[PDB]
Amino acid sequence: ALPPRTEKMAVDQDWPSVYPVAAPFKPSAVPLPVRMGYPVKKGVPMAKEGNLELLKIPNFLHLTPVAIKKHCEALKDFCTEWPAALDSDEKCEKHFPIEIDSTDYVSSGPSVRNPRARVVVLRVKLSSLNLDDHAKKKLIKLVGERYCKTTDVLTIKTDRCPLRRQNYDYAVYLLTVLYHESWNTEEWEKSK
Amino acid sequence: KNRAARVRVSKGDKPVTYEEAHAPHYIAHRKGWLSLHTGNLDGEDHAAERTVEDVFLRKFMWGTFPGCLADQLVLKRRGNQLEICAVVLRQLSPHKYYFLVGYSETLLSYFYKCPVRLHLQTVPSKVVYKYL
Amino acid sequence: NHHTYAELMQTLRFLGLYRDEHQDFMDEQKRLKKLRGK
Amino acid sequence: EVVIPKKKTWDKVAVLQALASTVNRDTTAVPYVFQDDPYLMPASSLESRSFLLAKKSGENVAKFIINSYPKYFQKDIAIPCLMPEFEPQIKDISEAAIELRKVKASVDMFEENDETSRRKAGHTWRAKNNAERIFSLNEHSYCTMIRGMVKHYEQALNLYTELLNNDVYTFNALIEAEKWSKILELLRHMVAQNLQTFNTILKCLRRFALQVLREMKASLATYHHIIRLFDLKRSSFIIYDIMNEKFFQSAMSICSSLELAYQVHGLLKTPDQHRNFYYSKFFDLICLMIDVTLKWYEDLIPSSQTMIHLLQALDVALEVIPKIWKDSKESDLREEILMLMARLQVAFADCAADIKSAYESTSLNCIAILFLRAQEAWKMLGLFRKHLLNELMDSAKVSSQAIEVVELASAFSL
Amino acid sequence: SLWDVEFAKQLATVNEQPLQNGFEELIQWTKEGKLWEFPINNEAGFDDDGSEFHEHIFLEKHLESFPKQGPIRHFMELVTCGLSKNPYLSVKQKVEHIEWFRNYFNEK
Amino acid sequence: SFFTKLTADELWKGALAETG
Amino acid sequence: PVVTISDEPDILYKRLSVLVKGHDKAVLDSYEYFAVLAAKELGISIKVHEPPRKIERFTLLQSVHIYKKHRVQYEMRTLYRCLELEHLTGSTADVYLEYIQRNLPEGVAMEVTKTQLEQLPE
Amino acid sequence: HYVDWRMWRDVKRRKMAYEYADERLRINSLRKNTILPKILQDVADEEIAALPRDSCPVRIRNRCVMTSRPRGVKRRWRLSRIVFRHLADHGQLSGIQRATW
RNA sequence: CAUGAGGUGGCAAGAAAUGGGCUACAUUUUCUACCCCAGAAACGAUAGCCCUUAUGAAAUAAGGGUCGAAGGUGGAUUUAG
Ligand SMILES: [Mg+2]
């Protein structure tokens, strides 16, 4: 009774302040004569005031492209600029050699724990090692299934230890000791 | 004949809502799903335990909003945020209506272990799409 | 757990905050069986 | 080289208190505690205050089941801390309260840790026996037996008199003990044996001048033991010091007894009962001193004393009377609206019949007057006689001899 | 004592102005903790006491080394590398898995 | 259990037996 | 506006990938319309492509009893989207991706991300 | 408050397979070897036999979650082939459609 | 004080016929190579026992070993496209 905000809202009034969060529909607030439903064979599609699917829409009425701009005037900060690293990544290679991944699988619902969120594969190009003229050759022969030939990239993967922050501490440790067992000369390196 | 989710034509005096007038071969063709969650996309787990909670919340609220629930609910789900939306008839006094929001909000907050927020909507009469 | 789900709904009929139609359907029907039966 | 930039640690959940600043509290709407359809929205204050209470009995009823049987709710799903519940228990069950805990004092005895813990949780005549048994079982033992006894100023200072015999609650039982030299000699005695201690030692002088010209500059709660005496942070002080020319709710009483309120307006950009006195007693100002009235009408109560000063704003300055009718309930509230149009062809005579349509559920006799200005007016004259004149003769001559049958009894019932 | 923490209670009442907008439900909801601690790292909480890639994966420090060339020790290296590839089991239950196996081959 | 339990408008239809 | 920077320089990401995974196609091309306008107001070099969908249909029996010659078959149309960002810092990404995950839609738009930080070794 | 006595025959077989799961993991880690010769591997074979019924995970028969059919079950959504089909036609699982191909 | 509940063991093999399909009865085939320019053979490959393996408290399934049956395109009749 007395349906508000829709005979009483004016234009040249700010909508991004009306729907601050994502919300459900709440048709008495929304001033559009939007319609829903597959109509009957001689009828109009359904109203706005009593629907179900305009509330079953995932509802991108929050965050209009003016709400996007007017949010980020307090969110252009938190943010410090990208270093002028002289890109195409080759001059970001001899600065920044190794490459890693650390994924999250954001689900919804009650809990957070996805056990496929500790997946760490660590990629290193071999042209960034620069201390490998024979201890290149047993790095390659130690890792059987890795080190492609068309691209000289090493991918060591760890999913043996439950936390993501220590799989990274596992990946860095097998990169450092296989490098040293490569620079370890062995007794039977000759008798081939 | 197949009788899966249709109501059957009888006369001219039987009213029916948009949803249950629609047969189940129109589920994403002409209808929406009544509950949204991240379960059935592949390969995601926690599709399984959620739907035996999803069936409670429309069997809970069929009894705690008794005689007044207009059609089925909408059970949105945003991360760790269970969003129930409901359209309900204009038959009860509003002092009762505000009671069972915060009754059911903090009893469904402390069952799912999430926050739960209710958004009611009031319609005077049951909205009828078809006089079948 | 099916006790957790089904006994909480027992007490929420007992405190009368949730009015279910199935167990209403028994205790009215069980009223009219004990008038004759049993 | 390329130098890597700064790990701008982005101040957690304040990441989205940053966004809440951008959204303004919008107009044209109810406050957000309620629901957004018109039926569940309230209309006036009595509905809205009850409704948040009606929401509140949602909580305490739902909570009660959780706390009276928690074994429905021990399925722990991750984790919020969201889950329900002769020496050792004597200090443990002193934390979960009283009378059944403190009764255990002598069956155990048949130390000073729970002699100043379990002997505090009462505040108690019979449990005052164990209060003097405190060091018969320190400083805290003998302290607030009397600071918890300025409520349960007599038997408190008498125990402050009987503690000098052999904290911040030395200065709280004795803080509000005519009496403005012992008051002097109490805060010289504070070095003998705060923003609360000084804030209690003028609460008592408030109810029972020359010490009130002195009590200040020895801060927010150090003003309500001052602002009761007269009757930015610099722009509080440039407001408050120039007021002699828990916190605010008196300052709308001074500014209503006397641009003056716009100094308070800065601290608003910095209770449910007195937070209307905030707003109702502010609207009486901005109405009196028009364009700046019409904006502030839309801003305050959309998101009986407020409509007894509402209408006379329109007196001193014309078409918004049928606008402001529908917010009366959203006789007495129905007559001062009917005062003003009796003091124009289309919009004024309609809503008086809606006051009549209000009335079917100095008042009734002023409905015929504005209506004929711009049949159904006579059936009010039928009830003026069973429950003014010079316009009834006016409307008869223009509307003729059957209306010269109307004016015949106009002098007969005089 | 009680009087220091009760002044943390009645203090909360004087500033508790209502929620008033759509954002401060989300602000309140993790100041308590029912909402998520956005951003999501999928391992929030969940520490295993500073586990760190040598307790989980080198079960040498809990072996209590026997005569190594005996057939029992080769069976313990099988069990050790099995417990190595667990992300499911923690390090307190890995040593407890050995602990039952320790009280068996002293018996047999 | 609870998950057996059902509405009324299915229950009277299964108890009245108004169609063959 | 309170941020309180410290001693410690960046973690520095490169080529953050976002796989938004949905059911309704009309949400995701309205989700990516937000995400290009959530990211090109931070000047972020961005591309979008659509991975092919995996529709995992399964079958079920129709009557409660007999009649294996009568099945009904169900399906999941579950769709995809990539939000291939490139070369952005560790502070900026985790606040850009904040505003993304805070305002991802309802049940539709499951999301998967890859994070590749670069990081000088020892 | 399980829907049959039958489910509560089977709840007992999932909790008594769970507390005795550590034991069945460690004693049956002592058989499937080539090493530790057969006398060391045959007195461990008696102890599993004297460990009871209702403990091994083979005695579970994997049942529907609310109407307790033993078969016709769908593992991903937990429920049998009828009552899952009851909800999918009112549109009550996220993204279940009729397949028309 | 049972037509309910709980425990251990057991029940599913064929004088026979019949329904549905696999394998075949082969030269458009059989074995290897290649998976489509060859070269050899001039049949059919179950079931049955035997040995390991998998999974499992505990043996059904796979693989290998041996045997190499009935089988020569099949009546009235009938099915699908
Ligand atoms: Mg059919």
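Protein chains in written order, with our numbering: chain A, 9 to 200; chain B, 78 to 209; chain C, 392 to 429; chain D, 825 to 1238; chain E, 15 to 122; chain F, 116 to 135; chain G, 105 to 226; chain H, 1465 to 1565. All residues carry an ideal CB built from backbone N, CA and C; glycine is no exception.
Checklist entry - beta strand (DSSP E) containing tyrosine 117 (chain G): first to last residue? => result Neither: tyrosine 117 (chain G) is in no beta strand (DSSP E) and is coded neither H nor E.
Item to check | Beta-carbon spacing of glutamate 1000 (chain D), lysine 1027 (chain D) below 9 Å | outcome: yes
Next on the checklist: Is the separation between the beta-carbon of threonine 184 (chain A) and that of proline 209 (chain G) shorter than 9 Å?
Outcome noted: no
Checklist entry - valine 178 (chain B) by DSSP, collapsed to three states: which one? => result helix
Next on the checklist: In the DSSP assignment, the beta strand (DSSP E) including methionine 214 (chain G) goes from what residue to what residue?
Outcome noted: 214 to 218
Next on the checklist: For the region 39 to 56 of chain E, list every residue whose C-beta sits within 9 Å of some C-beta in chain B, in sequence order.
Outcome noted: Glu39, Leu40, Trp43, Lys48, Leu49, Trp50, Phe52 and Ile54
Item to check | Under 8 Å by beta carbon: chain E residues contacting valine 847 (chain D) | outcome: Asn35, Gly36 and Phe37
Checklist entry - Cβ of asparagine 79 (chain B) versus every heavy atom of ligand 1: is any distance shorter than 8 Å? => result yes
Checklist entry - Which whole runs of the alpha helix (DSSP H) in the region 1039 to 1111 of chain D are 4 residues long or more, in chain order? => result 1051 to 1054, 1058 to 1064, 1075 to 1081 and 1089 to 1092
Next on the checklist: Rounding to the nearest angstrom, what Cα-Cα distance links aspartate 1474 (chain H) and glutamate 126 (chain B) in this structure?
Outcome noted: 18 Å
Next on the checklist: 9 Å is my cut-off, CB to CB: does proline 32 (chain E) come that close to chain D?
Outcome noted: yes
Item to check | Limits of the alpha helix (DSSP H) - the one that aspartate 112 (chain A) falls within | outcome: Here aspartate 112 (chain A) belongs to no alpha helix (DSSP H); instead the beta strand (DSSP E) covers 112 to 114.
Checklist entry - How long is the line joining the alpha carbons of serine 167 (chain G) and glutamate 398 (chain C), rounded to whole angstroms? => result 33 Å
Item to check | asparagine 67 (chain A) versus G:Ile109, G:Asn207 and G:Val122, residue with shortest Cα-Cα distance | outcome: G:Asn207
Next on the checklist: Is there a Cβ of chain E sitting closer than 9 Å to that of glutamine 205 (chain G), yes or no?
Outcome noted: yes
Next on the checklist: Here's the rule I'm using: 16 or more other beta-carbon atoms within 10 Å means buried, otherwise exposed. How should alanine 878 (chain D) be labelled?
Outcome noted: buried
Checklist entry - Say the cut is 8 Å; is the CB of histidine 174 (chain G) nearer than that to a heavy atom of ligand 1? => result yes
Next on the checklist: So with CB distances below 7 Å, who are the chain A contacts of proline 101 (chain E)?
Outcome noted: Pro123, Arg126, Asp167, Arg168, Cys169 and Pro170
Checklist entry - What residues from the region 68 to 100 of chain E come within 9 Å of chain H, judged by C-beta to C-beta, listed N to C? => result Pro85, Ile86, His88, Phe89, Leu92, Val93 and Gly96
Next on the checklist: I want to see whether chain H comes within less than 9 Å of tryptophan 114 (chain E), judged by CB atoms only; does it?
Outcome noted: yes
Checklist entry - Just by C-beta distance, which residues in the region 897 to 908 of chain D are closer than 9 Å to chain C? => result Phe897, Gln898 and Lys899
Checklist entry - Would you say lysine 23 (chain E) reaches chain H, if we count a Cβ-Cβ gap shorter than 9 Å as a contact? => result no
Checklist entry - The alpha helix (DSSP H) spanning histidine 196 (chain B) covers which residue range? => result Run containing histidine 196 (chain B): none in the alpha helix (DSSP H); it sits in the beta strand (DSSP E), 193 to 200.
Item to check | Neighbouring residues, chain H, relative to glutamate 398 (chain C) (Cβ below 7 Å) | outcome: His1465
Next on the checklist: Given this structure, state the Cα-to-Cα distance separating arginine 925 (chain D) from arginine 943 (chain D), to the nearest angstrom.
Outcome noted: 10 Å
Next on the checklist: Looking at the strands, I want to know which residues DSSP matches up with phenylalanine 897 (chain D).
Outcome noted: According to DSSP, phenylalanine 897 (chain D) bridges with nothing at all.
Checklist entry - What residues are listed by DSSP as bridge partners for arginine 1525 (chain H)? => result Note: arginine 1525 (chain H) sits in no beta bridge, so no partner.
Item to check | Continuous beta strand (DSSP E) stretch holding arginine 185 (chain G): start and end | outcome: 183 to 189
Next on the checklist: What does the Cβ neighbour count give for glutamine 21 (chain A), buried or exposed, with the cut at 16 atoms within 10 Å?
Outcome noted: exposed
Item to check | Contact residues within the region 153 to 176 of chain B, judged by C-beta distance below 7 Å to chain D | outcome: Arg167, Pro171, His172, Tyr174, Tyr175 and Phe176
Checklist entry - Where DSSP assigns a beta bridge to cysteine 162 (chain B), which residues make up the other side? => result B:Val151 and B:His196
Item to check | Start-to-end residues for the beta strand (DSSP E) that takes in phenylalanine 162 (chain G) | outcome: 162 to 165
Checklist entry - Quick one: which chain A residues come within Cβ less than 7 Å of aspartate 860 (chain D)? => result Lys34, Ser36 and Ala37
Item to check | First through last residue of the beta strand (DSSP E) which encompasses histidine 153 (chain G) | outcome: 150 to 153
Item to check | Proximity test, Cβ basis, 9 Å: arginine 157 (chain G) and chain H | outcome: no
Next on the checklist: Using C-beta distances below 7 Å, list every residue in its chain close to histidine 99 (chain B), excluding the 5 sequence neighbours before and after it, in chain order.
Outcome noted: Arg107 and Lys108
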